[PDB]
Every structure is written in C-alpha cells, then in structure tokens.
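*Asks:* Quick one: structure below, then a few questions.
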Amino acid sequence: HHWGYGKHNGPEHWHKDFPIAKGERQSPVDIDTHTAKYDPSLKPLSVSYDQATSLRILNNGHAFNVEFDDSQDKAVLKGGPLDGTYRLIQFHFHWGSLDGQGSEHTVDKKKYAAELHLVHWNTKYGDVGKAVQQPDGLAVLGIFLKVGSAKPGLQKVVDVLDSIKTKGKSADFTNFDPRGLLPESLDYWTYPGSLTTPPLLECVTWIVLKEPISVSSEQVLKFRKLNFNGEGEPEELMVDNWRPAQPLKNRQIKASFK
Ligand SMILES: NS(=O)(=O)c1ccc(C(=O)NCc2c(F)cc(F)cc2F)cc1
Ligand SMILES: [Hg+2]
Ligand SMILES: [Zn+2]
C-alpha cells in the first residue's frame, strides 16, 4: 500500500509506482576512489551553521528527521560544486541491523554502519516545493558513520529517541547544534544524483565527505530500537532503511582532494 524496505515493498518494487527508479541519475552509487577525478577547480565547502535553529524531531516511518527553521538564511551551505545559497531544512540517518551495513553510498564497495544526510534546498527557488522541480534544487551533505568511540554531539539525539519510538510521534527539539556532527576535514566527492527514497526525484547535488565520524555501539544500538509501525500496530524494528547502490550510467565523480 505504501513503500518500505521489507520483502514485499522494498527498493526492488519502487519502480512500479515511481518509474524514475530506473532513471539515469539515481542515488546512491558506489564511489570507486581510483576512478574519481581530482578537479582542482572545485572550491572549498563553506558550512555556516552558527545561527542554526532546530525545532523538532519526528519518526515518519522509514527514519527519524530533525527539522530546522528555514524561513531565513540561518544555517547555510555554499561553495564546493555549488552555485548559490542552500538552506538547511532537515537531517536524518540510514542504518542497518548489523555494523557492517547501513550506509547508502559505498566506498570501493565498502559499506559503513550508518550514513547521515544533511538536507538543503536552493534558495533562489523560494520554497522546497519549487526546488524539487529543478536539476539543482537540492544539495545533500553525506557523512559516513563508523563504529568506535562515542560521538558527544550525537548523544542528545540518542536520549530523545525513546519519546518518538513509533510512527507519527514527534518531540520538541530545540537548541541543537549540528556542527557537533561534522568530521575534522571537509574533503569530499561530488556527483549529480537523486533522493534515495520515493519520490526519488533527480534534483540533487551530492556531496559525500571522505572522513567518517565515529559513534559507539550503544549509540547505534539505540537507533535500532525504533519502530517502523505506529502505536498499537504490530511491532517491526526500524533497521536496514537503506537503498542499494545504483548504476553510475553517464556520470563522473569528482574529488576535491588528491
Ligand atoms: N535519503 S535522502 O537524503 O535522499 C532524502 C532527503 C529528503 C527527502 C524529503 O525531504 N522528502 C521528499 C520531499 C519531496 F520529494 C519534495 C518536496 F517538496 C519535499 C519533500 F520533503 C527524502 C529523501
Ligand atoms: Hg527537479
Ligand atoms: Zn536521506
């Protein structure tokens, strides 16, 4: 009745309702480090999350989203392969039921334990709704999570999950600083792609960071305790909410580093 990640309505079935699933610029993709083109004309990333204002957190089935106030240029992304100012609207993760799987993008076929998506939209379009009808409407900052040491900045997110356990639940979530989720370096790979969940619109410039951030087993264990189902429905654990890699077709992955 509605897409999911299970046997009967998983990624393999999405093309039936969303023909674009078999498009030419789909995501995620595998990043073959040896074929990425070092492009020295790529500018450095400019992350400006100092005036960032988180509002809430919700479980929408599929995953959990932390939402931000995007009525003003408070938190922005610019530079890199981007032209123009992009506003932060929300961030979420994709993870697996085991540590050796969970990320959407892979590196030389290697899958990480999870992947953080920081979703931005092109301000020249006025609102997110218009941005999705354009080839350069969205920009998603992708960050890989590896299991190791605890990540301080992630803990406030972890302590609130118990209140949004099932589909539809939301909790007030103010004063969260996203800068606590960034690795030391901002070296990246970039390529034109799409949303990794229906509608799968091909309106995204992907910026995947090279350096992953570390998170502890307990931190990740808590993501795994969330629920796909709403309250009162039978219980299905929210794990493995990732789409497998898609064909690169006629695309080239550039690297901002040598
Ligand atoms: N895993 S991922 O980073 O690729 C991803 C990021 C954002 C969204 C999303 O905002 N919902 C769809 C959506 C849309 F398709 C059009 C619109 F105007 C608003 C939306 F919210 C979906 C997937
Ligand atoms: Hg578009
Ligand atoms: Zn996403």
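Here's how to read the names in the structure tokens: chain A, B, ... by the order shown, residue numbers from 1 in each chain, ligand numbers from 1 in the order shown.
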Need the shell around region 95-109 of chain A: protein/DNA/RNA residues with any atom at most 7 Å away, counting only C-alpha atoms. Skip same-chain ones fewer than 3 positions apart. Format as a ChimeraX atom specification?
*Replies:* /A:28-33,112-115,144,224,239-245
*Asks:* Taking only C-alpha atoms and all ligand atoms and a cut-off of 7 Å, can you tell me which residues surround ligand 1, written as a PDB file with N, CA and C atoms, in the first residue's frame?
*Replies:*
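Below you can see selection.pdb, which holds the result:
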```pdb
ATOM      1  N   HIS A 117      22.441  12.224   6.494  1.00  0.00           N
ATOM      2  CA  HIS A 117      22.081  13.083   5.376  1.00  0.00           C
ATOM      3  C   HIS A 117      21.644  14.448   5.891  1.00  0.00           C
ATOM      4  N   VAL A 119      20.080  17.629   4.630  1.00  0.00           N
ATOM      5  CA  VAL A 119      19.296  18.105   3.500  1.00  0.00           C
ATOM      6  C   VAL A 119      19.137  19.625   3.370  1.00  0.00           C
ATOM      7  N   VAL A 128      10.938  24.767  -0.739  1.00  0.00           N
ATOM      8  CA  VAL A 128      11.388  23.410  -1.089  1.00  0.00           C
ATOM      9  C   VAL A 128      10.556  22.761  -2.178  1.00  0.00           C
ATOM     10  N   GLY A 129       9.276  23.107  -2.230  1.00  0.00           N
ATOM     11  CA  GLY A 129       8.387  22.547  -3.239  1.00  0.00           C
ATOM     12  C   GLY A 129       8.810  22.881  -4.657  1.00  0.00           C
ATOM     13  N   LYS A 130       9.299  24.094  -4.870  1.00  0.00           N
ATOM     14  CA  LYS A 130       9.751  24.509  -6.185  1.00  0.00           C
ATOM     15  C   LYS A 130      11.130  23.920  -6.470  1.00  0.00           C
ATOM     16  N   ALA A 131      11.979  23.845  -5.442  1.00  0.00           N
ATOM     17  CA  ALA A 131      13.324  23.280  -5.581  1.00  0.00           C
ATOM     18  C   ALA A 131      13.328  21.847  -6.151  1.00  0.00           C
ATOM     19  N   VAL A 132      12.304  21.054  -5.836  1.00  0.00           N
ATOM     20  CA  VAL A 132      12.208  19.670  -6.340  1.00  0.00           C
ATOM     21  C   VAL A 132      11.797  19.522  -7.826  1.00  0.00           C
ATOM     22  N   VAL A 140      22.634  17.530  -0.736  1.00  0.00           N
ATOM     23  CA  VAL A 140      22.656  16.757   0.490  1.00  0.00           C
ATOM     24  C   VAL A 140      24.092  16.463   0.878  1.00  0.00           C
ATOM     25  N   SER A 194      20.078  11.851  -7.012  1.00  0.00           N
ATOM     26  CA  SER A 194      18.658  11.958  -6.662  1.00  0.00           C
ATOM     27  C   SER A 194      18.357  11.647  -5.183  1.00  0.00           C
ATOM     28  N   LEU A 195      17.088  11.769  -4.799  1.00  0.00           N
ATOM     29  CA  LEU A 195      16.660  11.405  -3.444  1.00  0.00           C
ATOM     30  C   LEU A 195      16.750   9.867  -3.436  1.00  0.00           C
ATOM     31  N   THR A 196      17.134   9.284  -2.304  1.00  0.00           N
ATOM     32  CA  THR A 196      17.261   7.835  -2.210  1.00  0.00           C
ATOM     33  C   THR A 196      15.985   7.137  -1.708  1.00  0.00           C
ATOM     34  N   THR A 197      14.905   7.906  -1.600  1.00  0.00           N
ATOM     35  CA  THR A 197      13.618   7.377  -1.172  1.00  0.00           C
ATOM     36  C   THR A 197      12.553   7.980  -2.097  1.00  0.00           C
ATOM     37  N   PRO A 198      11.401   7.291  -2.255  1.00  0.00           N
ATOM     38  CA  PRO A 198      10.370   7.858  -3.114  1.00  0.00           C
ATOM     39  C   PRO A 198      10.080   9.263  -2.594  1.00  0.00           C
ATOM     40  N   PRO A 199       9.753  10.202  -3.495  1.00  0.00           N
ATOM     41  CA  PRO A 199       9.622  10.059  -4.954  1.00  0.00           C
ATOM     42  C   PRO A 199      10.888   9.779  -5.823  1.00  0.00           C
ATOM     43  N   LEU A 200      12.086   9.810  -5.237  1.00  0.00           N
ATOM     44  CA  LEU A 200      13.342   9.550  -5.976  1.00  0.00           C
ATOM     45  C   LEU A 200      13.662  10.590  -7.076  1.00  0.00           C
ATOM     46  N   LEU A 201      13.187  11.810  -6.864  1.00  0.00           N
ATOM     47  CA  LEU A 201      13.380  12.906  -7.806  1.00  0.00           C
ATOM     48  C   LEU A 201      14.868  13.170  -8.046  1.00  0.00           C
TER      49      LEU A 201
END
```
*Asks:* Any chance you could list, as a list in words, the residues in region 61-160 of chain A that come up alpha helix (DSSP H) when DSSP is run on the backbone?
*Replies:*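 Answer for region 61-160 of chain A restricted to alpha helix (DSSP H) is residues 128, 129, 130, 131, 155, 156, 157, 158, 159 and 160 of chain A.
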*Asks:* Take the residues from that selection and write them out as a JSON list (two decimals), in the first residue's frame, keeping C-alpha atoms.
*Replies:*
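Output (part-v2.json):
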```json
[["chain", "number", "residue", "atom", "x", "y", "z"],
["A", 128, "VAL", "CA", 11.39, 23.41, -1.09],
["A", 129, "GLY", "CA", 8.39, 22.55, -3.24],
["A", 130, "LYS", "CA", 9.75, 24.51, -6.19],
["A", 131, "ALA", "CA", 13.32, 23.28, -5.58],
["A", 155, "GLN", "CA", 24.11, 11.94, 22.42],
["A", 156, "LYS", "CA", 21.26, 14.48, 22.74],
["A", 157, "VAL", "CA", 19.72, 12.89, 19.66],
["A", 158, "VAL", "CA", 20.09, 9.43, 21.26],
["A", 159, "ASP", "CA", 18.49, 10.47, 24.64],
["A", 160, "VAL", "CA", 15.29, 11.65, 22.94]]
```
*Asks:* Got a sec: who's within 8 Å of residue 139 (chain A), counting only C-alpha atoms, leaving out chain neighbours fewer than 4 positions off, as a PyMOL selection string?
*Replies:* chain A and resi 86+119-122+204-207
*Asks:* Once you have the residues from the selection above, write them out as a short mmCIF file (atom, residue, chain, number, x, y, z; two decimals), in the first residue's frame, restricted to N, CA and C atoms.
*Replies:*
```cif
data_model
loop_
_atom_site.label_atom_id
_atom_site.label_comp_id
_atom_site.auth_asym_id
_atom_site.auth_seq_id
_atom_site.Cartn_x
_atom_site.Cartn_y
_atom_site.Cartn_z
N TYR A 86 22.18 27.53 -0.27
CA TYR A 86 21.29 26.43 0.04
C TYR A 86 21.01 26.43 1.54
N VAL A 119 20.08 17.63 4.63
CA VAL A 119 19.30 18.11 3.50
C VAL A 119 19.14 19.62 3.37
N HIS A 120 19.55 20.17 2.21
CA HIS A 120 19.48 21.62 1.90
C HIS A 120 18.75 21.87 0.58
N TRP A 121 18.17 23.06 0.43
CA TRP A 121 17.48 23.41 -0.80
C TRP A 121 17.93 24.78 -1.33
N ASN A 122 17.92 24.91 -2.65
CA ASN A 122 18.37 26.12 -3.33
C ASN A 122 17.43 27.30 -3.12
N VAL A 204 19.11 16.43 -7.06
CA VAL A 204 20.16 16.55 -6.03
C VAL A 204 21.69 16.57 -6.37
N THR A 205 22.41 17.54 -5.82
CA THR A 205 23.87 17.59 -5.97
C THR A 205 24.38 16.92 -4.70
N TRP A 206 25.03 15.79 -4.87
CA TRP A 206 25.53 15.06 -3.73
C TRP A 206 26.96 15.46 -3.36
N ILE A 207 27.20 15.63 -2.06
CA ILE A 207 28.50 15.99 -1.51
C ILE A 207 28.77 15.00 -0.37
#
```
*Asks:* May I ask you to write as an MDAnalysis selection string all residues lying at most 6 Å from ligand 2, with only C-alpha atoms and all ligand atoms counted?
*Replies:* chainID A and resid 132:135 202:203
*Asks:* Can you list, as a ChimeraX atom specification, every protein, DNA or RNA residue that comes within 9 Å of residue 180 (chain A) when you count only C-alpha atoms, leaving out same-chain residues fewer than 3 positions away?
*Replies:* /A:151-154,176-177,183
*Asks:* Taking only C-alpha atoms into account, which of A:188, A:228, A:125, A:64 comes nearest residue 45 (chain A)?
*Replies:* A:188
*Asks:* Rank A:18, A:93, A:173, A:5 by their smallest atom-to-atom distance to ligand 3, using only C-alpha atoms and all ligand atoms, and report the top residue only.
*Replies:*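 That would be A:93, the residue with the smallest distance to ligand 3.
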*Asks:* Under the rule that only C-alpha atoms are counted, which of A:165, A:225, A:111, A:25 is the nearest residue to residue 145 (chain A)?
*Replies:*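 Distance minimum relative to residue 145 (chain A) lands on A:111.
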*Asks:* Near residue 1 (chain A), counting only C-alpha atoms, which residues have an atom at most 12 Å away, once you skip same-chain residues fewer than 6 positions from it, shown as a PDB file with C-alpha atoms, in the first residue's frame?
*Replies:*
```pdb
ATOM      1  CA  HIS A   8       7.210  -7.067  -0.361  1.00  0.00           C
ATOM      2  CA  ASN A   9       7.501  -3.313  -0.830  1.00  0.00           C
ATOM      3  CA  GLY A  10      11.231  -2.773  -0.733  1.00  0.00           C
ATOM      4  CA  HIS A  13       9.455  -2.786  -6.031  1.00  0.00           C
ATOM      5  CA  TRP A  14       9.654   1.032  -6.047  1.00  0.00           C
ATOM      6  CA  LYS A  16       6.252   0.118 -10.145  1.00  0.00           C
ATOM      7  CA  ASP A  17       4.880   3.364  -8.691  1.00  0.00           C
TER       8      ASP A  17
END
```
*Asks:* If you run DSSP over the backbone, which residues in region 30-224 of chain A end up strand (DSSP E)? Put them as a ChimeraX atom specification.
*Replies:* /A:30-31,37-38,45-48,54-59,64-68,76-79,86-95,106-107,114-122,138-147,170-172,188-193,204-209,213-215
*Asks:* Can you list, as a list in words, every protein, DNA or RNA residue that comes within 9 Å of residue 53 (chain A) when you count only C-alpha atoms, leaving out same-chain residues fewer than 2 positions away?
*Replies:*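 Listing them by chain and then by number gives residues 49, 50, 51, 55, 67, 68, 69, 70, 74, 75, 174, 175, 176 and 177 of chain A.
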*Asks:* Ranking A:7, A:43, A:146, A:62 by minimum distance to ligand 3 and counting only C-alpha atoms and all ligand atoms, which one comes first?
*Replies:*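 Using only C-alpha atoms and all ligand atoms, the shortest distance to ligand 3 belongs to A:62.
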*Asks:* I'd like to know which of A:229, A:170, A:41, A:185 is closest to residue 211 (chain A), using only C-alpha atoms.
*Replies:*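 For residue 211 (chain A), the nearest of the given residues is A:185.
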*Asks:* Smallest atom-to-atom distance to ligand 3: which of A:44, A:142, A:4, A:23, using only C-alpha atoms and all ligand atoms?
*Replies:*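 Looking at the shortest contact to ligand 3, the residue is A:142.
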*Asks:* What is the CA of residue 215 (chain A)-CA of residue 236 (chain A) distance in Å, reported with one decimal?
*Replies:*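 A separation of 24.2 Å between them.
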*Asks:* Could you name the residues that touch residue 189 (chain A) at 10 Å or less, counting only C-alpha atoms, but leaving out those on the same chain fewer than 3 positions away, as an mmCIF file with N, CA and C atoms, in the first residue's frame?
*Replies:*
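Output contents, as saved in selection.cif:
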```cif
data_model
loop_
_atom_site.group_PDB
_atom_site.id
_atom_site.type_symbol
_atom_site.label_atom_id
_atom_site.label_comp_id
_atom_site.auth_asym_id
_atom_site.auth_seq_id
_atom_site.Cartn_x
_atom_site.Cartn_y
_atom_site.Cartn_z
ATOM 1 N N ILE A 31 31.366 4.609 -4.726
ATOM 2 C CA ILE A 31 32.447 5.533 -5.034
ATOM 3 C C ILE A 31 33.765 4.761 -5.219
ATOM 4 N N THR A 33 37.196 5.011 -5.644
ATOM 5 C CA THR A 33 38.260 6.004 -5.407
ATOM 6 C C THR A 33 39.280 6.149 -6.537
ATOM 7 N N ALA A 36 37.601 8.348 -9.541
ATOM 8 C CA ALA A 36 37.144 9.698 -9.232
ATOM 9 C C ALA A 36 38.185 10.652 -9.792
ATOM 10 N N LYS A 37 37.710 11.756 -10.354
ATOM 11 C CA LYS A 37 38.562 12.745 -10.979
ATOM 12 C C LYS A 37 38.886 13.901 -10.048
ATOM 13 N N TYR A 38 40.164 14.083 -9.748
ATOM 14 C CA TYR A 38 40.558 15.213 -8.923
ATOM 15 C C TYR A 38 40.373 16.459 -9.790
ATOM 16 N N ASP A 39 39.441 17.322 -9.396
ATOM 17 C CA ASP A 39 39.149 18.555 -10.116
ATOM 18 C C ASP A 39 39.619 19.719 -9.234
ATOM 19 N N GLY A 80 32.092 24.762 -2.654
ATOM 20 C CA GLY A 80 32.170 23.428 -3.220
ATOM 21 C C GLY A 80 31.765 23.486 -4.691
ATOM 22 N N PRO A 81 30.945 22.529 -5.167
ATOM 23 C CA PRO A 81 30.495 22.494 -6.559
ATOM 24 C C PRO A 81 29.173 23.251 -6.703
ATOM 25 N N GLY A 142 26.480 14.214 2.747
ATOM 26 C CA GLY A 142 26.509 12.848 3.238
ATOM 27 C C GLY A 142 27.729 12.573 4.102
ATOM 28 N N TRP A 206 25.033 15.787 -4.869
ATOM 29 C CA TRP A 206 25.533 15.062 -3.730
ATOM 30 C C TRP A 206 26.964 15.463 -3.358
ATOM 31 N N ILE A 207 27.196 15.628 -2.057
ATOM 32 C CA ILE A 207 28.497 15.988 -1.511
ATOM 33 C C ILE A 207 28.771 15.003 -0.370
ATOM 34 N N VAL A 208 29.561 13.981 -0.682
ATOM 35 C CA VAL A 208 29.918 12.941 0.265
ATOM 36 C C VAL A 208 31.289 13.190 0.882
ATOM 37 N N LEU A 209 31.317 13.342 2.197
ATOM 38 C CA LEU A 209 32.565 13.594 2.912
ATOM 39 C C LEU A 209 33.451 12.352 2.968
ATOM 40 N N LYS A 210 34.749 12.562 2.783
ATOM 41 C CA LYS A 210 35.732 11.484 2.804
ATOM 42 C C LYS A 210 35.968 10.863 4.191
ATOM 43 N N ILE A 253 32.351 11.107 -11.031
ATOM 44 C CA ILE A 253 32.528 11.533 -9.643
ATOM 45 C C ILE A 253 33.842 12.303 -9.478
ATOM 46 N N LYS A 254 33.721 13.563 -9.098
ATOM 47 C CA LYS A 254 34.868 14.420 -8.895
ATOM 48 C C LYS A 254 35.272 14.390 -7.436
ATOM 49 N N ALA A 255 36.548 14.635 -7.179
ATOM 50 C CA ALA A 255 37.077 14.699 -5.823
ATOM 51 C C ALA A 255 37.732 16.066 -5.659
ATOM 52 N N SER A 256 37.537 16.683 -4.498
ATOM 53 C CA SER A 256 38.139 17.984 -4.253
ATOM 54 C C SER A 256 39.566 17.848 -3.673
ATOM 55 N N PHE A 257 40.052 16.615 -3.555
ATOM 56 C CA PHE A 257 41.371 16.328 -2.995
ATOM 57 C C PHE A 257 42.151 15.358 -3.871
#
```
*Asks:* Kindly give the distance, in Å, that separates CA of residue 34 (chain A) and CA of residue 248 (chain A), rounded to a single decimal.
*Replies:*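 CA of residue 248 (chain A) lies 14.6 Å from CA of residue 34 (chain A).
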